[PDB]
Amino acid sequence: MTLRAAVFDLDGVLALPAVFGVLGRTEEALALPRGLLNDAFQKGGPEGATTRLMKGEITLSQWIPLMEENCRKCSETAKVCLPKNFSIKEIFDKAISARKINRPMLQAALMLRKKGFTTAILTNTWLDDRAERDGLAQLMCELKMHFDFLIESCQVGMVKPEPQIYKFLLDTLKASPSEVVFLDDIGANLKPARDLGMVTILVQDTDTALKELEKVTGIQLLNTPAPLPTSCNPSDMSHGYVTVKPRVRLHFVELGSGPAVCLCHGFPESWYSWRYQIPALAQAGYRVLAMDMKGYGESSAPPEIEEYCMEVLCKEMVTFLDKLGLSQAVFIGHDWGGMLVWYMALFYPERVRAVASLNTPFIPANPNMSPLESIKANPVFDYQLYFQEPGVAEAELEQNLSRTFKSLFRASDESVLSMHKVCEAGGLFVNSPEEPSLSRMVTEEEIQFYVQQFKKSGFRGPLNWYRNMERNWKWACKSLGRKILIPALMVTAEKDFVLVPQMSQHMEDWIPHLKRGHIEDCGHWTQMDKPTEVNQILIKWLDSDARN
């Protein structure tokens, strides 16, 4: 009785404008009799060319000549002449290409699945072997990924509105008719579903159909708050492993095609910290490589400290590119990752297409001051001195992993940590709760992912990033005569109280053509705090500075 599944037509529902709507305009534009194109499209009914195409018996390219002959046949009976320019191939290329995802509809399908619905796309479609077929493929992938099932007439050999396909749908959904709502823009397609007893919504305009669907499901789908960007399910990702030297292999996650964009997380994070950027960046036309940095996750975590100086970390990233066969990548870092990407740009500009850092400014080494002196001359960096002694901070951070990340991963108005009193107090969590509340930015499940990751190797490796102050300083001094002249983006976050925006104020002295982004009401954990804003800044910058 209570709905438990939602089925969406594609053309005219999830994807607008519908092909019929474009063809309708094509008829007018070309001064053809009203409906002639639709007549030709449907000639023969169940036994005609278009039903054979929709059942997969023939390909779209095979079907164009038949469509052409139907159009001639139709114009002849109508005592009209088709234009000299008449091309079914061009007409459908246009129509197919004009079709965009109906975002309010997709987001309602997503909301329904979030609340426990099985969702499916049921569409009459064709095997597309046009030279331009990649466009449609990209559209289906982007929709496909958000649904439990994609049922295509041409893969199952059945078409709407044949009753057999709705029985196939119901068996695929493992649900009974009255448990399913089906949305289609063609009433003929609803009749058989209605017969079986499933709820049907005839989609004329999206918002009316969404109101009907809100009513029958009891879920608010119209006027919902803005949803977060698509996240990553770890077990659905492609996982990559590259041995950069004996005993040291880098793990990374890969999604998308196009120019390589390597994401480098900070302390104490993971490739998963980019989970909101990976699908967006892949969707925007990039090949994203989200890495578990050295010391983290499934990446090797040797115990020696000097394995984590910036010079060794940067050479390994370079080896990573070599072994993957990438002459270049865009490097996008956050926190310690942002520091690493700056030095990638300073020491290996030929391998860096463009560099972006979130939060972490480029601070040139001061040759007249030991890095220890400078750290001591900033109370907010006091916690770093606490990280110096091997084993001390490891023991506090490894004691209760859930508490560690629940205490760390918090929005600016939820913090339970005072980074400036750490040494004095003898610890990072000294005056922090034993069972902190779950921040709004994270779910218990996301927390548990990080917990599982850091069970592999703990915090030794990740803390070792802090234990090469002098080594990094000596190496960084070698670059004091350089400038960064490749495309470069600095993104500041208003409420990062450690890496404050002001820290970046002098960066243009070393990066003259630096581009900037700013995110308001954003704490240190920028990617999960303001994912939608990050993705907009990053994607805009990529398209203007990293793509050709």
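Note that residue numbering begins at 1 and tracks the sequence as displayed. Basically, rigid core = biggest C-alpha set you can superpose within 1.5 Å across the two forms.
- Root mean square Cα distance to the shown form, taken over structures and residues in 9 other deposited structures of this protein after a core fit, is higher for 408-416 when 322-330 and 408-416 are compared.
- Between 61-69 and 24-32, the larger mean CA deviation from the shown form in 9 other deposited structures of this protein, after core superposition, belongs to 24-32.
- As listed in the deposited structure, the average C-alpha B-factor of 244-252 and of 219-227 is greater for 219-227.
- Looking at mean Cα B-factors across 487-495 and 502-510, the upper value is held by 502-510.
- Between the residues 299, 270, 327, 412, it is 412 that shows the highest Cα B-factor in the PDB record.
- Within the selection 73, 239, 294, 351, the deposited Cα B-factor values reach their highest point at 73.
- Residue-level temperature factors show residue 32 in the highest third of its chain, judged at the C-alpha atom.
- When the modelled residues of the chain are ordered by C-alpha B-factor, residue 90 sits in the highest third.
- Among all modelled residues in this chain, the alpha-carbon of residue 371 has a temperature factor (C-alpha) in the highest third.
- In this PDB entry, residue 117 carries a Cα temperature factor that places it within the highest third of its chain's modelled residues.
- Sorting the modelled residues of the chain by their CA temperature factor places residue 257 in the lowest third.
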